[PDB]
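Q: Sharing a structure, written as C-alpha cells. Questions coming.
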Amino acid sequence: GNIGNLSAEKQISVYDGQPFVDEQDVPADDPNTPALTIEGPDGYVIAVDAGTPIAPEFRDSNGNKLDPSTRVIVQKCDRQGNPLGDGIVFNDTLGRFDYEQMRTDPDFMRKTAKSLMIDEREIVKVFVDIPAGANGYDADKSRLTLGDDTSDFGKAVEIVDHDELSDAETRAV
Amino acid sequence: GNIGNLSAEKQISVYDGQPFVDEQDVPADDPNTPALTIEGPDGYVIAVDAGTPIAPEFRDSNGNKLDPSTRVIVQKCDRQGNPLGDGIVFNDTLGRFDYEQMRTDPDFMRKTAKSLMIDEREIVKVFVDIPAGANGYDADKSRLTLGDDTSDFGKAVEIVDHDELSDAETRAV
Amino acid sequence: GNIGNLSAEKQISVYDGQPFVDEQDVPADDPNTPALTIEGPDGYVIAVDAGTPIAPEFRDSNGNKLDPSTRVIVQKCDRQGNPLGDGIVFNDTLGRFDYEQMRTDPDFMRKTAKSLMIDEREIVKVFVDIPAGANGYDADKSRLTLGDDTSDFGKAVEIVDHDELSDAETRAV
Amino acid sequence: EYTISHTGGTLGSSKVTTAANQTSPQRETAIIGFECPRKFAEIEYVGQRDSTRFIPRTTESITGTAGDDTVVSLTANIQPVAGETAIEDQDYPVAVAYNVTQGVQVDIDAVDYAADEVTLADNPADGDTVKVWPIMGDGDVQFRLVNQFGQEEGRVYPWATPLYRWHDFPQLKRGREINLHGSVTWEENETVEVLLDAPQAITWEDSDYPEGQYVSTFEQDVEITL
Amino acid sequence: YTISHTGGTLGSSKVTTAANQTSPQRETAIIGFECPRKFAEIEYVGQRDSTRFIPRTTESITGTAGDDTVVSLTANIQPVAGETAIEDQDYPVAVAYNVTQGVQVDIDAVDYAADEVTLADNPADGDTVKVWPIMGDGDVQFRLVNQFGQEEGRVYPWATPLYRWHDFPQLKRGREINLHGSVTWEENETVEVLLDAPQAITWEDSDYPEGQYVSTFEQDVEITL
Amino acid sequence: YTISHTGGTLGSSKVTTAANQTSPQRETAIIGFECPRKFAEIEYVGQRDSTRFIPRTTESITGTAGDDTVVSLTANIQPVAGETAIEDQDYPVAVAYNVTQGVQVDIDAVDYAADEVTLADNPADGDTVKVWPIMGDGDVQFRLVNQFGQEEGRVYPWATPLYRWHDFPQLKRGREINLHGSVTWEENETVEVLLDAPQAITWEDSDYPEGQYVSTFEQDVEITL
C-alpha cells in the first residue's frame, strides 16, 4: 500500500485562508496599508518564478467590484515590515481583470514580471491605491488566488524544507 | 470523366439510424442489458484509432437528460456478444458531457483512450449503469454520434473492405 | 518630442471610410455592377495576402440584413475596371457571416485566398450576385472593413512607398 | 495553366444546375445536379477543405380555432440549433410562423423538442390559416456522378450523411464548418448530383417566406482549372 | 498491463462508504474507496488523472407571509465557473423543493455577497421547503488505510479549499482539477476522502428532484486489470 | 529603470483635459494628456501596449402614453463582444434615467436594425427621460504637441474606426487593441486624442447612475522614471 515519496519541491498555490497570511480591512484613500501580510512559515522556504498568475478577487462590502481606476501592487519587504522598494513583481489596475473568468482563460491571466523568493521570515505585502469614492474594501467578502497548482496552464509556487546547499545559496539576496 | 482513386479507408462517424446498430429501451437499473448493439456490417472492417470523440446525447422519454451520476461504458464483446472484461475504450459519466457543445468545442470534447478494431462480425455494446429513480432510456428520443468526419478537429472512424495482407494480419486476434 | 522612424510597410485596415475605396448602392440581380471600387492610391503599392478578413456589415435601408444566400466575390481588374478571369481571391456568401460577431472573434471570420499586389492604377472590384428576394444593398448605413490593424490575430493591409528593386520586380505582371 | 478555388451551390457559377425533390416514400434519388459548363475546362473536388453549408426547412399548415397556443409534433424530430435552445440565442430560427389571414409574421414563444412541439404568443382566430416553416430533422444525403448519357460512372464517398449534423454544428465557424469527403474530376458536359432520402418535403421556392428567398439553402466549395 | 477507469459515488463495487461529517470543526471521512478482490491494484497519479467533486449541502425553511426571500444560508457562496445566471451554468448553484406541494421550485435571483436568494413561489403559512445549495467553505484531502484500520498517512499534506472545485469549469479540458501526490491501493485496503467544514454535506435525499444523488465525487484513475 | 503603467481618464494627474466636439464634422480634439514634471518622459509602443476605450453619448425624450419604445438615437448601434443580452455583455450598451421620477430604468430589449430599444416601464405624459448609449460611427487618432502650442505631429496618420473599440473584448490579450506607431513625450508637452463623429460624446452627467463617468479611456504606457 505504498504512496510514493516526494522531493521537497512542493508545487502548491496560495490564498487568504492559509495560516501564514492575514487579510485586513482597507479604506479608500491609502496606498500604504498592509492589505495582506504574507509571512514566512519559520522553517520552510518559498520560491516564485516570474510569469506566475494572480487572481485578485477584490470587491466591496456590498459585493460589487471596485473602481478599476484603483491600482494594486504586490511587493517584498524586510523581516520587520519595511518595504524594500525594489523586488516588485506587480503593478497594474483592476481594469485589466475579469472576475468572471480571470483565473481560467490563459488569455485573461495577468502574471508576474520578476521572480521572487521568501525565506523563513521574508514578508510580502499588498498595496491598493484608490480614489475617494469607491466604498472601501472588505476582505471577508473578497479573496485572492495566487498561483495555480491544478492546470497545465499557469504555474505553481515551489516550497521546500531545509536542504543544505540550496539554503546556503538561498541566502544570496 | 475520372473519379479520383480513393483510399479504401473511409473516414466517417457513426449513429443509431444505420442498419447495423440496434437500440433497446432500457428499464431503471439493468446495467447488464445493452442499450445499443453494434453488429459488424457483414462485409467490412471498422477501425477506431485511440483519441476519438463521443457524443452520447441521452435523454428520457419525457426528454429530460438522464442523471449525471450515470455511468456509461463502451465495450467490445465476443462474436456471441458477451463482454470480454478487458478491451474497454471508454468509461465515464454523463455529467462529463455538456450536451450543448460536447461535439462542438475540442476544449470540451471527451475522447477515447484506446484503439479498436471490428471485423465483419465483432460486436460492440454500450452499457449504462443507472440508479433506480431515473426515467429509463428512450432511444426514440436519444441518440449517439461517435466520431467526426466533418471538421478539422477531432478524428473519424476508418472503414475498409478486404485487402490481402491487411486481412492476414487482421485475423491475428 | 520624438515619434520614431516608420519603415515602408505600413499596416492599416482598409474600410469604407477611406479616400481610396468607394461604395455604391446595388440592385438585387445586377452582379456586374460593382459593390466597391478599390483604386490604386496614386503613389503607393498595396499588398494583401491570404488570411485577410472582411467585415461586410451589409444592412438594408432599415438596418435589417441583406439576403444570406447572396454570393460574394472579389476580383482584380484592369485599369479600365474589367476583370481578368484570374485575379480572384474570395468566393463566398453573406449568410456565411454573423453580424453579431463576424469581426469580433477570428473563428467567425471569412478571409481571402491568394497573394495580391496592387500598383498605383490597378483596381480591385467586389461583385455581389443576389437573387430577386433581397432588398438590394444600402451602403450608407452599411459599411465594410477589409482587414484589421488592432489584433495579434488576423492580418492587415500593407502599404509601401516606392523603392527601386522592389518596384522593378513587382512590375513584372 | 492556372487553378483556383470556386464555389458551387444553389445557383453558383452557371444557371444549368438543377434542384428537385425526392420521394415521400423513402428513396435515395437525384436531387441537386451540378453539370459542368464550357465556361471552364474541368472541375476538381478536394474534400476536407472543400467546405459546405446546408440549411434545410419544411412546411406545415394549420387552421385557426379557439384555445390554440400549441402546435404539434410535426412528424419531424426537431433538434436545437447546435445546442442552443431558445431562438433569440440561435444562429438561425428553428422555425418561423406566419398568419396568412392577417398576412404577417408571428412571434414564437417556446419549444419542447421531445414531443417536437412549439408554443406561440398571438393566439389565432377561428377558421384562420397559419403556415409554419421549421427546420428539417431526419434525412440523409450523399453525392454521385453521372456521365453525358444518364449512365452512372462511380459514386462520391458512397455513404449517406445525416441531416441533423448541419444543425448540430455552428455551420459558419471555421474549424467547425462542414467538409464532406471525396475528390472527383469532371469534364465539359458531365453531371454530379447530390441525392437525398427523407420523409418530408425538401422545401425550396417558398415564396411566402418573409425572411429570404430560399428557406433551404446549399453551398459548397471546390477546385477549378480556370 | 494496465488501463484506465473511474472511481466514483458507486463505482466498480458496492463496498464503498458514503457518510457525512460533523458540525464541530473537526475533519471526518466523507468517502471510502475500498479495493475489491477483482482487481490487483488501483493507482492514482496527481497531475495526470482528473478528479471531479460536486458537493452540496442541505437546509430547510418554514413558510409564512412574504417568505419569498431566503436568508443567509450559513454558506460562503460563489458562482459556478465565475458565472452567476442559474440558467447558464454548468450546474446549478442551488435548488429547492416544496414538500407541502411536493414539487421543485425555480429560483429567481441571487445575492452572492449576502448569501441570500429570491424565489417566485411565495409559500403558505406552515409550509415546508428544503434547499440543496452547493457547499462553500471546506478543506479536503486524501488518506490511506490498510486492511487493519490504521492511518498509513495522508497524501501531499496541503489541503485544497473546497470552493476551487466550484470556481472552474470542471468539464472543460485544461481547467479540470488535477490534485498532487500519488497513491497505490491493494485488495483489502481503503483510501478515504476526508473533509473539514462547518456544514453538513448530504446524499440520497429522496425529495431531491433532479436525480437520486444531490452530490457527487468522481475520479479518473489507472488500473491493473 | 523604467516601468509599465497606465494613463487614462485621470491617469496619474489632474492636468488632463477632456472636451466635447462639435456637430459639424471637423476633426476635433478631445482628450489631452499633458506630461507632468514628475517623470522624465512617457513612452508609447503600438503593437505592444494595450489600450482601452469606452465612449458614450447622450440623448433625451419626452414621454407619453404607449411610449415604452425609443426610436433610433441617430446612432448606428452595435452589439458588444458578439453579445446583445445586457447582463452578459462586458458593459452595458446603454442606460437611461427618468429625470422626473429621478431614477434608473432597466431595459426590455433592442432593435439593432432601426437602432431602437424598448424599456420595462412606461413614462408619463409630461415625463422626461435621458439616455446614454455607447457611441457608434466615427474615426479617431492621436496628435502630438509641445509646451509651445504648435502641433508636434500625428501618430501613424490614419484613423481607426470607432466601432472596433466596441466590437472586441477589450481586456483579452489577442483581442485587445494595439494601434500602430510610437511616440515619446517631453516635460510640458502634450498628446491629444482626436475624433470625428456625428454625435456629441459627453461625460459627467450628474444624473447618470453608474459612477461619475459615462465614458473612459485607458492606455498602457512605459515611463522612463
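Residue numbers (the authors' numbering), protein chains in the order written: chain f, 2 to 174; chain o, 2 to 174; chain m, 2 to 174; chain A, 7 to 232; chain J, 8 to 232; chain C, 8 to 232. Even for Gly, the Cβ is constructed at its ideal location relative to N, Cα and C.
I want to know whether the stretch 8–19 of chain o touches the stretch 142–158 of chain o - three or more CB-CB distances under 8 Å.
A: Short answer: they touch.
Q: Give me the chain f residues within the contact set of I93/C, using Cβ-Cβ distance strictly less than 7 Å, ordered along the chain.
A: Simply none; closest approach about 15 Å.
Q: Is there a Cβ of chain m sitting closer than 8 Å to that of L80/C, yes or no?
A: False, the Cβ-Cβ gap to chain m never drops below 8 Å.
Q: Which partner residues of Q12/o appear in the DSSP bridge assignment?
A: In the DSSP output, where bridge partners are listed per residue, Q12/o has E159/o.
Q: Counting along the chain, where does the beta strand (DSSP E) carrying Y51/C start and finish?
A: Where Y51/C is concerned, the enclosing beta strand (DSSP E) stretches over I49 to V52.
Q: Taking a Cβ distance cut-off of 8 Å, strictly less, list which residues of the stretch 124–144 of chain f are near chain J, in chain order.
A: For the stretch 124–144 of chain f, which is checked against every Cβ of chain J, the residues closer than 8 Å are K142.
Q: At a Cβ cut of 9 Å, what residues of the stretch 11–28 of chain C count as close to chain f, listed as they run along the chain?
A: The residues in question are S11, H12, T13, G15, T16 and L17.
Q: Helix, strand or coil for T223/A? Go by DSSP, reduced to three states.
A: Strand, per DSSP.
Q: Say whether chain o places a C-beta atom closer than 8 Å to the C-beta of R171/A.
A: True, the Cβ-Cβ gap to chain o drops below 8 Å.
Q: Write down the C-beta distance between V87/A and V102/A rounded to the nearest angstrom, noting that I regard them as a contact closer than 8 Å.
A: Incorrect: roughly 13 Å between the Cβ atoms, too far for contact.
Q: Can you tell me whether DSSP reads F46/A as helix, strand or coil?
A: Of the three classes helix, strand and coil, the one that applies to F46/A here is coil, per DSSP.
Q: Residues of chain f with CB closer than 7 Å to the CB of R180/C, please, in chain order.
A: Per Cβ cutoff of 7 Å: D108.
Q: Would you call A88/C buried or exposed, if buried means 16 or more other Cβ atoms sit within 10 Å of its Cβ?
A: By the 10 Å Cβ count, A88/C comes out buried.
Q: Does the stretch 182–202 of chain C come into contact with the stretch 143–155 of chain C, if we say contact requires no fewer than three beta-carbon pairs (one atom in each stretch) closer than 8 Å?
A: Touching, yes, given that three or more Cβ pairs across the two stretches are closer than 8 Å.
Q: Tell me which residues share the same chain as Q96/J and place their Cβ nearer than 8 Å to its Cβ, disregarding the 5 neighbours each side in the sequence.
A: Excluding residues within five positions, the ones whose Cβ falls inside 8 Å are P86, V87, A88 and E90.
Q: Please report whether the beta-carbon of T105/o lies at a distance below 8 Å from any beta-carbon of chain A.
A: Chain A contact via Cβ: present.
Q: Can you tell me whether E94/J is helix, strand or coil according to DSSP?
A: DSSP places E94/J in helix when its eight states are reduced to three.
Q: Measuring straight from C-alpha to C-alpha, what distance separates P140/J and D75/A?
A: Using only the alpha carbons, I get a separation of about 36 Å.
Q: Output the distance between the C-alpha atoms of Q177/J and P99/J, rounded to the nearest integer angstrom.
A: Taking the straight line from one Cα to the other gives about 13 Å.
Q: Taking Cβ-Cβ distances shorter than 8 Å, what residues in chain o pair up with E159/A?
A: In chain order: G2 and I4.
Q: Which class does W172/J belong to by DSSP, given the choice of helix, strand or coil?
A: DSSP places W172/J in helix when its eight states are reduced to three.
Q: Looking at the C-beta of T94/o, does it have a partner C-beta in chain J at a distance below 8 Å?
A: Yes, its Cβ sits closer than 8 Å to a Cβ of chain J.
Q: Among the candidates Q226/C, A36/C and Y215/C, whose CA atom is the shortest distance from the CA of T64/C?
A: Minimum Cα distance to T64/C is reached at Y215/C.
Q: Can you tell me whether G73/A is buried or exposed? The criterion is at least 16 other CB atoms within 10 Å of its CB, across all chains shown.
A: When all chains shown are included, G73/A counts as exposed.
Q: Name the residues in the stretch 68–82 of chain m whose C-beta lies less than 9 Å from a C-beta of chain A; which are they?
A: Of all residues in the stretch 68–82 of chain m, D68, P69, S70, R72 and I74 have a Cβ within less than 9 Å of some Cβ in chain A.
Q: Just to confirm before moving on: does the CB-CB distance between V228/J and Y51/J stay below 8 Å?
A: Taking 8 Å as the Cβ cut-off, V228/J and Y51/J qualify as a contacting pair.
Q: Note down, in chain order, each residue of its chain lying with its Cβ closer than 8 Å to the Cβ of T91/A, except the 5 sequence neighbours on either side.
A: The residues are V117 and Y119.
Q: Identify every residue that forms a DSSP beta bridge with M118/f.
A: According to DSSP, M118/f bridges with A48/f.
Q: So that I know if they touch, is there some Cβ in chain m lying closer than 8 Å to that of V228/C?
A: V228/C does not count as touching chain m.
Q: Where are the beta strand (DSSP E) runs, 3 residues long or more, that stay fully inside the stretch 146–172 of chain A, in chain order?
A: Entirely contained in the stretch 146–172 of chain A, the beta strand (DSSP E) runs reaching 3 residues are, in chain order, 146–152 and 158–168.
Q: Following the continuous beta strand (DSSP E) through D227/C, name the residue where it begins and the one where it ends.
A: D227/C -> beta strand (DSSP E) spans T223 to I230.
Q: In chain order, what residues of the same chain lie with their CB nearer than 8 Å to the CB of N136/o, ignoring the 5 residues before and after it?
A: Same-chain partners within the cutoff: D61, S62, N63, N65 and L67.
Q: Roughly how many angstroms lie between the CA atoms of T125/J and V117/J, to the nearest whole one?
A: Distance between the alpha carbons of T125/J and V117/J: 6 Å.
Q: Among the residues of its own chain, which have a CB less than 8 Å from the CB of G18/C, if the five just before and after it don't count?
A: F40, listed in sequence order.
Q: Would you list the residues sitting across from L202/C in a DSSP beta bridge?
A: DSSP, once it has assigned bridges, lists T35/C and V147/C as partnering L202/C.
Q: Can you round the beta-carbon distance between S57/J and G5/f to whole angstroms, since I take them to be within the 8 Å contact cut?
A: The Cβ separation is near 18 Å, so there is no contact.
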